[PDB]
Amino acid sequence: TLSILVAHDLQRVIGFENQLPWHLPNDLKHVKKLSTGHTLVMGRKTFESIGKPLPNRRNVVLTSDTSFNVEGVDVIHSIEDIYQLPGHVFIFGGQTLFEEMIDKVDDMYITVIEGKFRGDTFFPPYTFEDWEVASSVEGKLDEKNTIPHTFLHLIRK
């Protein structure tokens, strides 16, 4: 299984200056619930913006840098290498990897942040014409999580 995993706002912003534009503890909980024991694939800039591998899953970084080595992180050098990875693989980031991967994934897991943020990095455009809503669950607003967000699981038609 090859899925996308992504949080994006109303205009499809996903990043700003190496950050998530927003602070949403619920979404980070959802990510580690979904991907624990699985594989996260990410471009070099996504990885460099986090800074360490994420515990209790495989962290695969895609780069053309042959010197690139980080403890706890496997390295691949072509989009093609992705398809040789055993298990449930989630495309995790970023703009440029989603651009490469969106036409190929079986499956998309999207948190829609119902806000409009300043951003520099975007998720690709997509129509529900091609994707069917497996599920749509509103996140709960509270003290810590103060932006409306919706979990969508979209499956290619």
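Start at 1 with the first residue shown and count on from there.
Once the C-alpha B-factors are averaged per stretch, 109 to 117 and 57 to 65 rank with 57 to 65 first. In this entry, 137 to 145 shows the higher mean Cα temperature factor of the pair 9 to 17 and 137 to 145. The entry assigns its greatest Cα B factor, within the set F128, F47, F90, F98, to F128. Per the deposited record, the Cα B-factor of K157 falls in the highest third when ranked against the other modelled residues of its chain. Ranked by C-alpha B-factor against the other modelled residues of its chain, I102 falls in the middle third. Ranked by Cα temperature factor within the chain, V41 sits in the lowest third according to the deposited record.
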